[PDB]
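Letter by letter, the chains look like this.
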Amino acid sequence: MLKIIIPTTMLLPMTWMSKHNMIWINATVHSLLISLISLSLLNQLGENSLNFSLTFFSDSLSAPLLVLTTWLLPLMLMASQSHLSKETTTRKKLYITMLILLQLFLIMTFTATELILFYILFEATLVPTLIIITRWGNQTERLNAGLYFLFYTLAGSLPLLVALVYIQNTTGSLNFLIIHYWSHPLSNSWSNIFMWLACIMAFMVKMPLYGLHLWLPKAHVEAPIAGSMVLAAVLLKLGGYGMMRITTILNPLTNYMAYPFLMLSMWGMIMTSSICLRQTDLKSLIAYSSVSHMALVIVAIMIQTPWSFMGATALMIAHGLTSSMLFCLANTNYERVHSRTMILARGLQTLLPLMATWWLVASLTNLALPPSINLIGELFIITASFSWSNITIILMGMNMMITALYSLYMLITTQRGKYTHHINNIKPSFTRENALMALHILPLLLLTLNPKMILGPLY
Amino acid sequence: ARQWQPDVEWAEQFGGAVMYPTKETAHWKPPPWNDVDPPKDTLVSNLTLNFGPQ
Amino acid sequence: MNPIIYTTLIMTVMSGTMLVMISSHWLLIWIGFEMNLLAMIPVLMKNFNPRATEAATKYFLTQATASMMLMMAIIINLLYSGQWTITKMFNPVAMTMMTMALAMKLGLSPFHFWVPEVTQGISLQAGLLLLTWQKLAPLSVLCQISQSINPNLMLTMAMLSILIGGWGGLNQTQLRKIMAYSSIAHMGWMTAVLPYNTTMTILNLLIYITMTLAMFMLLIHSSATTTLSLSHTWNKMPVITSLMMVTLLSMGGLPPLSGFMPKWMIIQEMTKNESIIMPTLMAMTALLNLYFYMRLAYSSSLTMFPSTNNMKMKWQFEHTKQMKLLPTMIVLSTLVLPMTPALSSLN
Amino acid sequence: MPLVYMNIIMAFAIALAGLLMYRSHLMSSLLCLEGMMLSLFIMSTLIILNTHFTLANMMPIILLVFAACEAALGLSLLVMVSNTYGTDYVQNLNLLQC
Amino acid sequence: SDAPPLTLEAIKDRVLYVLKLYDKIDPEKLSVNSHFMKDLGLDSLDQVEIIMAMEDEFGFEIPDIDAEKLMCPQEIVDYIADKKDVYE
Amino acid sequence: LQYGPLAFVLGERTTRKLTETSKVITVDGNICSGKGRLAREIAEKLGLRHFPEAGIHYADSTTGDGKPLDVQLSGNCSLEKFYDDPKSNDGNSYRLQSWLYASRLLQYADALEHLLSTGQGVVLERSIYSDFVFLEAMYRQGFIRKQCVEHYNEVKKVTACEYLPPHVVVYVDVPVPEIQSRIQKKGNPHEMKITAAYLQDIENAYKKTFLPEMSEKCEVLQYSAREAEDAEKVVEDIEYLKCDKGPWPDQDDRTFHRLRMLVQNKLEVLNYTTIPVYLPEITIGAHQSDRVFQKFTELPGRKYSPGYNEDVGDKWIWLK
Amino acid sequence: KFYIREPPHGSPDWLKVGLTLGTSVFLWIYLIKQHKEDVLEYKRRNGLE
Amino acid sequence: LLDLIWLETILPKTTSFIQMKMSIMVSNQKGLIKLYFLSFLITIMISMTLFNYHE
Amino acid sequence: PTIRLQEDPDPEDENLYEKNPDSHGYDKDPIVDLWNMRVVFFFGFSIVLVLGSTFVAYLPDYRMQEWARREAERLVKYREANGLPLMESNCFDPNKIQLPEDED
Ligand SMILES: CCCCCCCCCCCCCCCCCC(=O)OC[C@H](COP(=O)([O-])OCC(O)COP(=O)([O-])OC[C@@H](COC(=O)CCCCCCCCCCCCCCCCC)OC(=O)CCCCCCCCCCCCCCCCC)OC(=O)CCCCCCCCCCCCCCCCC
Ligand SMILES: CCCCCCCCCCCCCCCCC[C@@H](O)O[C@H](CO[C@H](O)CCCCCCCCCCCCCCC)COP(=O)(O)OCC[N+](C)(C)C
Ligand SMILES: CCCCCCCCCCCCCCCCC[C@@H](O)O[C@H](CO[C@H](O)CCCCCCCCCCCCCCC)COP(=O)(O)OCC[N+](C)(C)C
Ligand SMILES: CCCCCCCCCCCCCCCCC[C@@H](O)O[C@H](CO[C@H](O)CCCCCCCCCCCCCCC)COP(=O)(O)OCC[N+](C)(C)C
Ligand SMILES: CCCCCCCC/C=C\CCCCCCCC(=O)O[C@H](COC(=O)CCCCCCC/C=C/CCCCCCCC)COP(=O)(O)OCCN
Ligand SMILES: CCCCCCCCCCCC(=O)SCCNC(=O)CCNC(=O)[C@H](O)C(C)(C)COP(=O)(O)O
Ligand SMILES: Nc1ncnc2c1ncn2[C@@H]1O[C@H](COP(=O)(O)OP(=O)(O)O)[C@@H](O)[C@H]1O
């Protein structure tokens, strides 16, 4: 596993010793090469994981997440260098250092064999994100958002630590292989109920679960473009990965304690999708669509079936790609008109036709058009939920109808109609922006031909 | 087209004696720039004595 | 004050602490405390500035009351058993008296009132001394008598200290009072694990001392005692503000920084003794400390406050006297977590 | 325990209560400190004499010495405070808050 | 907290209470606009005594000048309002 | 071995260096007087170091190379613009006054350091003690607000209290019409716009406040325009003074140790000049602060410490 | 150049540099020898060699 | 009603309000030794009775 | 001055097409910008997108799908030949199971 970790570490001295006008080129090239190397982890077994050493292991669930994490870094660098042009050299290097440290922490988090090491890295991911948001955000709300990001997470995850060191004192190990092989049932008691709550709420806050989602529309909106990309694409999936790992020791108690979270997710899906219909901020609309999408992942993890797990993995990867693309598409217009209001700049398809095509494709993937992997994950989750209870089809189906409603609405408001007269600074699209959209969308469509690579360990 | 940074109105919130001013606490004043208070010129009275005539 | 007199007073303070830490006789421990207080009073008054006189008077009264209680506890223990050796304190009433006296010496809640006032009243160097070197002797005495400490009283005082430090730090714009409340909370963390494991107490003390030394030396380097004065440092020394922000993050207990190691090591220990609710309350209460560290990080490093015209003059001059141990202190206070197992060298 | 022992312990408790309850004068509190030291001296001497611990007979004398260092210290501070306010009232020590 | 937000009505009430506490003035007679000399038959030394009583009541030094003109209760209220910066 | 507590412990004392000629001397007077020439002649006759009056770019002459820096990176104020528009709405007047006070404080620290390290006396034109006469005239003419005066007094209260006032205060008294004629003959187009009320206010501040409170701690030597040109008479008048009124004889070796530890380390001298009091005349926004600081750093010899700049010829940097 | 002579300049303090390098070299040599003796003593105690 | 008001009201706004109130209560001490030394006396008596009289 | 400080005016944004009509939107320097475009396109579309997709397409069957199909074919052939049931309801031999003493 060090053949990926060490080059990521070498990105730091390479960035700091680079020339004033070469940092972006070197960072992009070498992050792309690290993505190419990380592609080799997709060669997974059918029975057990890739146990590299006592510390790191790779699995059919974590390999696609690692590939997405390594692929996102060149895209963040490409999208960041435009709004950081007037910046001093040392602060550009510090920004790239934040991105590199975040990538290193995520790579180590997704492969750690031991739950306490996973916890330590999953918490270490907070510092670079907070620094990015509160230092390179644009508005005065970025401070408040940062606090909401910091304390929503910790308040959920501090009990988890207390639970983890508790478990190792009774079972003797926190190694995931030993944890899985030596599994024992969870008895029905108040102590076991609170141990279940301590092991779950930390990941539920990260999803985020409806009710504890208030930090997301602040953090994603107030963060710079790279911050929002990494927050939507990868940092949300940490909760899903942690829940899928830790639900092993929670059975059969999950059969009883999943009801409140299942109801919260199935109703907050409708709530967030309906909120998206009345949103004056385009970035806020995208952020709320993220919560609506992640509620389905929460449901799939809660019901604990192989089909639900496959759907959760596929939906997680597809959502990462789609939401990153949508954030970049919104930022392209933001750097033109310097406002996040959706109805300020209209009729942009007349003035920017190819970017309108990019908008259409991103909206199509957002509403889960077949045969996109978004649709694959959504349909697998819906089938598993239908097996869990037929009445679920009423809610899930409703969500679909709402999801197509606010997606195309978002497309119609910004692309169709007539252009606004006074806005006369809308320049033609750059090759950087077009290439960024293409590198977002091409892997998404390519994954249709080989979906088993994102269907997780239950395939 | 410019990132927001704190101004005087923002900075003045941290210039009081306490973070959250309270009706009673609003009368507290910040300490002097050096930790030196104005010298309390207390009038130390001299003893007045009659010497003589007896 | 003469440099020779200052040096001899500092030597007397460290000699009192050493006499406390090397003695096997209760009378010699009491004598060490007396000597430490006697030499410590003038160090707080090195700069006259009558607020220092107030701080010294308050410190003297508190420490002398604690010393009287300590001597009474010693005498009661001698009465109920003709023993002078420092051991498990055969009488329980004497044990309670000594626990309260040492808590008063340390500044644990609800004996915490004097710490913010004394720290604000003295200079930054005196505050560094008071918040780092002064904790060793009472903690060293507590570690020797831990097997007889009533867990209920000590844990109540520890929880009170954590809560009160967290709450008191929120309302502060003065940096020295912020440091004092941080000190109170860390003292509570130190004494929470003392009845279960003294090695964890020593580890927390060492990590806290290095972080406090880093913070105080950084506040000395940029001569700021308030939030608004520290908000000017970015326009003179950005590196100092960056290192200050990293140290503040470490003191909040955020992984993978050094300040996470004590709490992580304490909670685990408390779990092996079937204490679950207590570590959870302490861990959630430390978020207040984190919040008022983060507010300072916002004011000093993550945003740029307005500056003044005369700061341009300061651009032309360099810091003359340099603290040699500051880089080591910063590195030890941030990048040390991977070497956690070395704690076994402390027992 | 005989009645003399609890009388000395009661004297110590009374002096501690006197110190902890300030009226106005710092000198009154310093007198309470000296009284606590005196009660400690008497108690320790009685215990040492009763049990015929011969070496410990030097202990109370030492206890007296560090009593003076505490008095001379306190008096010194009482001078400085006085020089600031012309009065030894403890209400004047309120520049520093919590 | 410190002293309450004193108003003009408070100033007038205190001034009239002080004036009615003077022996050489009948209480029911004097009005707010009554001159000290013409209506009440007071001389300069009585006015000086009244001004000293005002200084005791409100606790601020009124010099010899800026006291030779405060000749009815009403101008006294105006002077106190101007010195203490009260308007409503 | 830089001076410090260790050097005080082993030997070095300052009272042994003083040889009755220490005599910090300041030579004050109104605008366009003969005080500069008189001070130079006094320093020549008495063998003292002369400090020319501190201007906007005084600090530049002591750091890096003595060449002045750009007005944007140093001062950010203009005396010429102050004469052109004394009531400008950009805050030039008080910014210039505050910068000049800071420069005078730095020069006083430098002079005291020289005297306490070598024992040789120093001569100055003005000082921090006589700077206020320019502030009051600014305030009485309506050029600055009351808040600026309060800020100036706040800065002066916590700075001047740490230093010893001069032994000898020489004043050159020249009437307002004569300095007006000298200004007109001088030829400076900006300096001719000085009103007689401004000069009269400067004189009123000098005579009403400065000299009366300077004379209560040491003797003051007042001279006229014609007798100021006779430098030998002034020098022997200084020679036959009886200095027993100031705190200078009341200074011990430990007080001199504290003062010498303060006069070096100019960052501590200038500590309270930038107090966080936000007046518009001197407060600078974060964006301008950042831009100007980055511009300052890009100066040829200012990026690193004085011995670590490879672009001004420093060598063996990798071994220092 | 500069106004003040800046005594710390192009000629580095060779006494300090020599002392620093000598301390580093002495520490490295001592550590190497200590490791060698430690290995020899460990192999002697355990009957390995 | 839910997202911008009540979900804000219950978890984060209530927490901030309670912590601010507690901070004001804790730090609002005038600095008079006469008050918190009497507090010390109360604490010492409570410790001697509640904890020491039941071991 | 009715303003609270001395601040720079907010500057207007720079159009990269003004000085470089073929700008690619990567950098102000035309040569650095052109090489940034070339390096991004080559290492993203030519190397990772094409060669990576080809590598993933031809990954060897480590999941053992063909192996499982062959084993299933062999078992179906054998069990149909012998007439045994195609699947057994028990995955574990009952002779190796030790149930508790009695049903009550
Ligand atoms: C479990 C294992 C772990 C254990 C952990 C242990 C604890 C960890 C650390 C605890 C916390 C540390 C806190 C440090 C307090 C610092 C306070 C301070 O001095 O000012 C702050 C100081 C102020 O900075 P500044 O503003 O720039 O200075 C301005 C001046 O202060 C302006 O003032 P000035 O003008 O007056 O300048 C005077 C200056 C200049 O000094 C001079 O000029 C020197 C002149 C010489 C004078 C001659 C005096 C001789 C006569 C006196 C004799 C006295 C005898 C007493 C004995 C009586 C016996 C009964 O001197 C000083 O500034 C201070 C002098 C310090 C002297 C220290 C002597 C140590 C005494 C030891 C006693 C023990 C003896 C044995 C006891 C036996 C039992 C009885 O800042 C710092 O010093 C930076 C912090 C550095 C701290 C150390 C970091 C950690 C330690 C790492 C080392 C390794 C430790 C482990 C070793 C283990 C064994 C090998
Ligand atoms: C905004 C989003 C936040 C996240 C939401 C998280 C939801 C957490 C809720 C946890 C769900 C279940 C917890 C415990 C299981 C049952 C709880 C109780 O209601 O059921 C009865 C429990 O009986 C009584 O009702 C006791 C509970 C009454 C006191 C609990 C307070 C409930 C009020 C709602 C509080 C709001 C929770 C969220 C806080 C903000 C069951 O009857 P009984 O057979 O006897 O007990 C069986 C359990 N055994 C096996 C351990 C014995
Ligand atoms: C932030 C990290 C901590 C920094 C601490 C300072 C670092 C500098 C090292 C200090 C030098 C002094 C130690 C070496 C001198 C020899 C020590 C010897 O004389 O004393 C022994 C003691 O040796 C010391 O205990 C070992 C010191 C090692 C300190 C490092 C541990 C740090 C915790 C792990 C965090 C990782 C940090 C590693 C550095 C980056 C005797 O042991 P003993 O008298 O019988 O036990 C006393 C305590 N009892 C009785 C109550 C049990
Ligand atoms: C602008 C003009 C547009 C129109 C004109 C274009 C002209 C036509 C071009 C379009 C081609 C249409 C595609 C039709 C399908 C044919 C290709 C197919 O045969 O290949 C697939 C192969 O597809 C690959 O398996 C999928 C590629 C994997 C995608 C990975 C993306 C690269 C990494 C980038 C990072 C992104 C992060 C993603 C996180 C998970 C079949 O899979 P498989 O059945 O097996 O192969 C059977 C034979 N094998 C097994 C021996 C090899
Ligand atoms: C955004 C906010 C998110 C909020 C997250 C907080 C929810 C966490 C739920 C409780 C956390 C504490 C659990 C500690 C870890 C459990 C380990 C364990 O099993 O210990 C239990 C102990 O369990 C407890 O003591 C827990 C009691 C609760 C104490 C702290 C109260 C915190 C709030 C609880 C109610 C809220 C829970 C849901 C909140 C949802 C978010 C609003 C039993 O151990 P033994 O003593 O050995 O028993 C066997 C031998 N007799
Ligand atoms: C305990 C008892 C101690 C007694 C001590 C007594 C002290 C004696 C002090 C003697 C000092 C004088 O006589 S001082 C000399 C006072 N003589 C004059 O002023 C002459 C002009 N008289 C007037 O103008 C008016 O009649 C006037 C009465 C002033 C009213 O003034 P108004 O028109 O403006 O109200
Ligand atoms: N503190 C000050 N405030 C404003 N202007 C000053 C100040 N000090 C000196 N100046 C200006 O500096 C110019 C020259 O200084 P001055 O002493 O008057 O003449 P010179 O030193 O050349 O004989 C004058 O125009 C004077 O106004």
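Residues numbered from 1 in each chain as written, not as in the entry; some residues may be left out. Chains lettered and ligands numbered in written order. Part of a larger assembly, values for the part shown. Heavy atoms only, no water. Residues with missing side-chain atoms left out of burial classes, pairs and counts.

Its PDB header names cryo-EM as the technique used to obtain the model and reports a resolution of 2.6 Å.

## Focus on the side chain of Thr63(F)
Within the fold, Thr63(F) resides in the loop between β2 (49-51) and α3 (79-84). Among the polar contacts listed, one links the side chain of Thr63(F) to the backbone oxygen of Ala59(F), at a separation of 3.0 Å. Every residue in contact with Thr63(F), bar those within four places of it in the chain, is listed here: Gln316(C), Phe317(C) and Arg302(F). (Helix = DSSP H or I, 4+ residues; strand = E, 2+ residues; numbered from the N terminus. Polar contact = N/O pair within 3.5 Å; in protein donor to acceptor, adjacent residues only side chain to side chain. Contact = heavy atoms within 4.5 Å.)

## Details of the packing of aromatic side chains
Within the structure shown, the criterion is met by 45 aromatic pairs over all chains. Geometrically, the ring pair formed by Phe118(A) and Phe203(A) is tilted, given 6.3 Å between the ring centres and 40 degrees between the ring planes. Of this pair, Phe118(A) sits in helix α5 (residues 115-124) while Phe203(A) is found in helix α9 (residues 190-206), placing the two residues 85 residues apart along the sequence. Cluster of aromatic residues (ring-pair linked, three or more members): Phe111(C), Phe113(C), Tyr22(D), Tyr36(H), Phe37(H) and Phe40(H). (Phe/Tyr/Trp six-rings, centres within 6.5 Å; stacked < 30°, edge-to-face > 60°.)

## Some words on the site of ligand 6
All names here are of chain E. The environment of ligand 6 is formed by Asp43, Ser44 and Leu45. Residue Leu45 places a main-chain N or O atom 3.4 Å away from an oxygen atom belonging to ligand 6. Within the complex, the protein chains bury 12% of what would otherwise be the 870 Å² of accessible surface of ligand 6. (Near = heavy atom within 4 Å. Areas by Shrake-Rupley, 256 points an atom, 1.4 Å probe, with all protein chains shown as cover.)

## Digging into the interface of chain C and chain F
On the side of chain F, 45 residues touch chain C, which itself brings 30 residues to the contact. Between chain C and chain F, roughly 3300 Å² of surface is buried when both sides are summed, and carbon and sulfur atoms account for 66% of that area. At the junction of chain C with chain F, the criterion picks out 0 salt bridges. Counting across the interface, chain C meets chain F through 11 residue pairs in polar contact. Of all elements in the fold, only α1 (3-22), α11 (227-230), β1 (307-308) and α15 (311-314) of chain C reach the threshold of two or more residues within the side of chain C that touches chain F. Classifying every residue of the side of chain C that touches chain F by side-chain character gives 13 nonpolar, 13 polar and 4 charged. In the sheet, β1(C) pairs with strand β6 (residues 283-284) of chain F via 2 bridges, with the strands oriented antiparallel. (Buried area = accessible area lost by both parts, 1.4 Å probe. Salt bridge = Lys/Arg side-chain N within 4 Å of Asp/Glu carboxyl O. Nonpolar A, V, L, I, M, F, W, Y, C, P; charged D, E, K, R; others polar. Pairing = 2+ DSSP bridges.)

## A word on the site of ligand 1
Neighbouring ligand 1 are 22 residues, the closest being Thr8(C), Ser15(C), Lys46(C), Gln125(C) and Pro5(F). Residue neighbours of ligand 1 fall on chains C and F, so the site bridges chains. At a separation of 3.0 Å, an oxygen atom of ligand 1 approaches a polar side-chain atom of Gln125(C). Burial of ligand 1 by the protein amounts to 51% of the accessible area it has alone, namely 2300 Å². Only α1, α6 (124-132) and α10 (198-221) of chain C together with α1 (5-9) of chain F provide two or more residues apiece to the shell around ligand 1. Split by residue class, the shell around ligand 1 holds 16 nonpolar, 5 polar and 1 charged.

## Brief notes about the UniProt feature "transmembrane region" (unreviewed entry) in chain I
Per the UniProt entry, the sites bearing "transmembrane region" (unreviewed entry) are residues 39-60 of chain I in this numbering. Its end C-alpha atoms 31 Å apart, residues 39-60 of chain I is made of 86% helix and 0% strand. (UniProt positions renumbered as here; feature names shortened; annotations may be inferred.)

## Considering the arrangement of the chains
The highest contact count of any of the 18 pairs of chains in contact belongs to chains C and F. With no contact between them, chain D and chain E keep their nearest C-alpha atoms 16 Å apart. As for chain G relative to chain E, no contact occurs, and the smallest C-alpha gap between them is 57 Å.

## Description of a negative patch on the surface
Together, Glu20(F), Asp230(F), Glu232(F), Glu236(F) and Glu239(F) make up a negatively charged patch on the protein surface. Within the secondary structure, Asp230(F) is located in the loop between α9 (225-228) and α10 (231-239). (Patch = residues over 30% accessible without salt bridge, like charges linked within 9 Å, V, L, I, M, F, W, Y side chains within 5 Å. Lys, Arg positive; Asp, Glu negative; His and termini not counted. Charge placed at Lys NZ, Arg CZ, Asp CG, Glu CD.)

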